[PDB]
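Visitor: So that we are looking at the same thing, I have put the structure below in structure tokens.
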Amino acid sequence: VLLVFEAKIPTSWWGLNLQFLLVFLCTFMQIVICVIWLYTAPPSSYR
Amino acid sequence: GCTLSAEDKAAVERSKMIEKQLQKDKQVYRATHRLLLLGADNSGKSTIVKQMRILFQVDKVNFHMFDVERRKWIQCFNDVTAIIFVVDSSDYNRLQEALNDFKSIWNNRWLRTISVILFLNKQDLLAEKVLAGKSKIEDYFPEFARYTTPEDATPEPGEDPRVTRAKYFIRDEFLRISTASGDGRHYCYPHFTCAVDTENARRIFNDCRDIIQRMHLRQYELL
Amino acid sequence: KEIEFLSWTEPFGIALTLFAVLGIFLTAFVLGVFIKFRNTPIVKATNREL
Numbered sequence: 001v002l003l004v005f006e007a008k009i010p011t012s013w014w015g016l017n018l019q020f021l022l023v024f025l026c027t028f029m030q031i032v033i034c035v036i037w038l039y040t041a042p043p044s045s046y047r
Numbered sequence: 001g002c003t004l005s006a007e008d009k010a011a012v013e014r015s016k017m018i019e020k021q022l023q024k025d026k027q028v029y030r031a032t033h034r035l036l037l038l039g040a041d042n043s044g045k046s047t048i049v050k051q052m053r054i055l056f057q058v059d060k061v062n063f064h065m066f067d068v069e070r071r072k073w074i075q076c077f078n079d080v081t082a083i084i085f086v087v088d089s090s091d092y093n094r095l096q097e098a099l100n101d102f103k104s105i106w107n108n109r110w111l112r113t114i115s116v117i118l119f120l121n122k123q124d125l126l127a128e129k130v131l132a133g134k135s136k137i138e139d140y141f142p143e144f145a146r147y148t149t150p151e152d153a154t155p156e157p158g159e160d161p162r163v164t165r166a167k168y169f170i171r172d173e174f175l176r177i178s179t180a181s182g183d184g185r186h187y188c189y190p191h192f193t194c195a196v197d198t199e200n201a202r203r204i205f206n207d208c209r210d211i212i213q214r215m216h217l218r219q220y221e222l223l
Numbered sequence: 001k002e003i004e005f006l007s008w009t010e011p012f013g014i015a016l017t018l019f020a021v022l023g024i025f026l027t028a029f030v031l032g033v034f035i036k037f038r039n040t041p042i043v044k045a046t047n048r049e050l
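Chains as they are written, first to last, in our numbering: chain A, 1 to 47; chain B, 1 to 223; chain C, 1 to 50.
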């Protein structure tokens, strides 16, 4: 929305795919952290 | 480069040079708001073009107007940013013909996407007329007596309530055209206009930017 | 030795589960409203895909 309301330039589904791709980018960096954690030093339940 | 194609190497150099200038002109073209002035003969587009002749361009964004006879060429181009329809509301009888012209402009399916930056022009002379007794709208548009000044339609301080009644009557007679055809793909923005007014230009720029935003709001489906 | 954890049967586990289910129900309600009213400009102005 910021890009829309700042695009004073007359001419700046693919956009929706790009939105989902950006969300996937951030979440996927966290997925990388999570997966490294889970198969390198998995958590455990301890009594 | 290796430069090994002889006459063809000269041709390659020429083509690369031409492509460089094509990109250089694309820099200007992709940023220019192109606008057309469908002003009537009596409308008063002379005032606007005189103001533009004074100094068009705003900040760093460029603007390019065209002005202008039957229109077999108005439908040929749909890349225009918006239409600037000067109207001389001072002449009441020619006002109806201007309203019909705006009907034709707004209902042209070829320019369906195109918004219009409407100008009620020479409205000060309308004030001079209506303060006098000669000018009677009841003869030409009889519905003026049936009209009421809208408190929503914000007036200007130090203005005759009958002046506002008349002026708002002209403008909403024009805006009946826009609101009736609420297509959304194109909106009409009216602005009161007068001669010897350097401010007119910035209004266009303002309005222009607005349309662009809506177009983006249309591409990204936000609106 | 008493085995201790946050339990489903524990009375406060009941309260926490009720609040989590209430949150899920409210999210479902909001989603349903944004589906039935998907074309209202207020909803569309919020990038309804996201």
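Cβ atoms here follow ideal geometry from the backbone N, Cα and C, with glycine treated the same way.
#1: Could you work out which residue in B/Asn200, B/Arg30, B/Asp91 is closest to B/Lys134 when comparing CA atoms only?
#2: Who are the neighbours of B/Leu222 on chain C, taking C-beta pairs under 7 Å?
#3: List the residues that DSSP assigns as beta-bridge partners of B/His191.
#4: Along chain A, which residues have their Cβ under 9 Å away from the Cβ of C/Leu6?
#5: Assuming B/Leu222 and A/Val4 form a contact by the criterion Cβ under 8 Å, report the distance between their Cβ atoms to the nearest whole angstrom.
#6: Please report how far the alpha carbon of C/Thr40 lies from the alpha carbon of B/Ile18, in whole angstroms.
#7: I need the boundaries of the alpha helix (DSSP H) containing B/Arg162, first residue and last residue.
#8: Measuring alpha carbon to alpha carbon, tell me which of B/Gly184, B/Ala195, B/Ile105 ends up nearest B/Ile83.
#9: Under 7 Å between beta-carbons, which chain B residues line up against A/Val35? List them in chain order, please.
#10: Quick one: what does DSSP say B/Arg185 is sitting in, helix, strand or coil?
#11: Please report whether the beta-carbon of A/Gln30 lies at a distance below 8 Å from any beta-carbon of chain C.
#12: Rounding to the nearest angstrom, what Cα-Cα distance links B/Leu36 and B/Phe174 in this structure?
#13: In chain C, what lies closer than 7 Å to A/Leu16 by C-beta?
#14: For B/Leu35, decide whether its Cβ has a neighbour in chain A, counting only Cβ atoms nearer than 8 Å.
#15: For a contact meaning CB atoms closer than 8 Å, what does A/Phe20 contact in chain B?
#16: Does the beta-carbon distance from B/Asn100 to B/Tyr140 come in below 8 Å?
#17: Have a look at B/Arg109 and B/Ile212 and give me their C-alpha separation to the nearest angstrom.
#18: Relative to the alpha-carbon of B/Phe169, which residue among B/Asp160, B/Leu118, B/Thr148 has its alpha-carbon at the smallest distance?
#19: Taking just the CA atoms, how far does B/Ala201 sit from B/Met52?
#20: If you reduce the DSSP assignment to three classes, tell me which class B/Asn78 lands in.
#21: Going by CA-CA distance only, name the one from B/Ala40, B/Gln75, B/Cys76 that's closest to B/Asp67.
#22: Hey, out of B/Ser89, B/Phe77, B/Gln57, whose CA is closest to B/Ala195's CA?
#23: Could you check where the alpha helix (DSSP H) with A/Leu38 kicks off and where it finishes?
#24: Taking a contact to mean a Cβ-Cβ separation below 8 Å, would you say B/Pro157 touches B/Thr164 in this structure?
#25: Is it the case that the Cβ atoms of B/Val58 and B/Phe205 are separated by a distance below 8 Å?
#26: Can you list the residues of chain A that B/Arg30 reaches, using a CB-CB cut of under 8 Å?
#27: What number of angstroms, rounded off, separates the C-alpha of A/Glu6 from the C-alpha of B/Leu22?
Guide: Judging by the given coordinates:
#1: One-based indexing of the second sequence puts residue 134 of chain B at position 134. Measuring from the Cα of B/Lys134, the nearest candidate turns out to be B/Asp91.
#2: Here the question's residue 222 of chain B lines up with position 222 in the second sequence. Ordered by position in chain C, the residues that pass the 7 Å Cβ test against B/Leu222 are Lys44, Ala45, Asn47.
#3: For the purposes of this step, residue 191 of chain B is taken as residue 191 along the second sequence, with counting starting at 1. DSSP lists B/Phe119 as partners of B/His191.
#4: Stepping through the third sequence from its first residue, residue 6 of chain C is reached at position 6. The premise fails here: C/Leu6 is roughly 13 Å from chain A at the closest Cβ pair, so nothing lies under 9 Å.
#5: Sequence index remark: in the second sequence, residue 222 of chain B carries index 222 (1-based). Sequence index remark: in the first sequence, residue 4 of chain A carries index 4 (1-based). Rounded, the Cβ-Cβ distance is 6 Å, consistent with contact.
#6: By one-based count along the third sequence, residue 40 of chain C stands at place 40. By one-based count along the second sequence, residue 18 of chain B stands at place 18. Their backbone Cα atoms lie some 50 Å apart in a straight line.
#7: On the second sequence, position 162 is the one that residue 162 of chain B refers to. Taken as a continuous stretch (DSSP letters only), the alpha helix (DSSP H) holding B/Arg162 covers 161-180.
#8: The count along the second sequence starts at 1 and reaches residue 83 of chain B at position 83. Cα-wise, what sits closest to B/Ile83 is B/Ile105.
#9: One-based indexing of the first sequence puts residue 35 of chain A at position 35. The contacting residues do not exist; A/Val35 stays about 33 Å from chain B at best.
#10: Translated into the one-based positions of the second sequence, residue 185 of chain B becomes position 185. Reduced to three states, the DSSP call for B/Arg185 is coil.
#11: Here the question's residue 30 of chain A lines up with position 30 in the first sequence. By this cut-off, A/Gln30 is not an interface position.
#12: Taking the first residue of the second sequence as position 1, residue 36 of chain B is located at position 36. Taking the first residue of the second sequence as position 1, residue 174 of chain B is located at position 174. Going by the C-alpha atoms only, they are around 19 Å apart.
#13: In the first sequence, counting from the first residue as 1, residue 16 of chain A sits at position 16. By Cβ distance, chain C contributes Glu49.
#14: Along the second sequence, read from residue 1 onward, the residue named residue 35 of chain B stands at position 35. No, B/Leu35 does not count as interfacial toward chain A.
#15: If you number the first sequence from 1, residue 20 of chain A lands on position 20. What A/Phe20 touches in chain B: nothing, since even the nearest Cβ is about 13 Å away.
#16: Here the question's residue 100 of chain B lines up with position 100 in the second sequence. Here the question's residue 140 of chain B lines up with position 140 in the second sequence. Taking C-beta atoms as the reference points, B/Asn100 and B/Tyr140 fail to come closer than 8 Å.
#17: Working through the second sequence from its first residue, we reach residue 109 of chain B at position 109. Working through the second sequence from its first residue, we reach residue 212 of chain B at position 212. Going from the Cα of B/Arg109 to the Cα of B/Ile212 covers about 20 Å.
#18: Counted from its first residue, the second sequence places residue 169 of chain B at position 169. Answer by Cα proximity: B/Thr148.
#19: For the purposes of this step, residue 52 of chain B is identified with residue 52 of the second sequence, where counting begins at 1. For the purposes of this step, residue 201 of chain B is identified with residue 201 of the second sequence, where counting begins at 1. Cα to Cα, B/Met52 sits roughly 7 Å from B/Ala201.
#20: Counted from its first residue, the second sequence places residue 78 of chain B at position 78. Coil, per DSSP.
#21: In the second sequence, counting from the first residue as 1, residue 67 of chain B sits at position 67. Closest by alpha carbon: B/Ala40.
#22: By one-based count along the second sequence, residue 195 of chain B stands at place 195. Ranking the options by Cα distance to B/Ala195, first place goes to B/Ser89.
#23: Translated into positions along the first sequence, residue 38 of chain A becomes position 38. Start and end: 14-40.
#24: As a first step, residue 157 of chain B must be located in the second sequence, where it is residue number 157. As a first step, residue 164 of chain B must be located in the second sequence, where it is residue number 164. Against a cut-off of 8 Å, the Cβ pair of B/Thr164 and B/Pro157 comes out as no contact.
#25: Position 58 of the second sequence, counted from the first residue, corresponds to residue 58 of chain B. Position 205 of the second sequence, counted from the first residue, corresponds to residue 205 of chain B. Cβ distance < 8 Å, so B/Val58 and B/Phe205 count as in contact.
#26: For the purposes of this step, residue 30 of chain B is taken as the residue at position 30 of the second sequence. By Cβ distance, chain A contributes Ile9, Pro10, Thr11.
#27: For this step, residue 6 of chain A is matched to residue 6 along the first sequence. For this step, residue 22 of chain B is matched to residue 22 along the second sequence. In a straight line, the C-alpha of A/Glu6 is about 27 Å away from that of B/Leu22.
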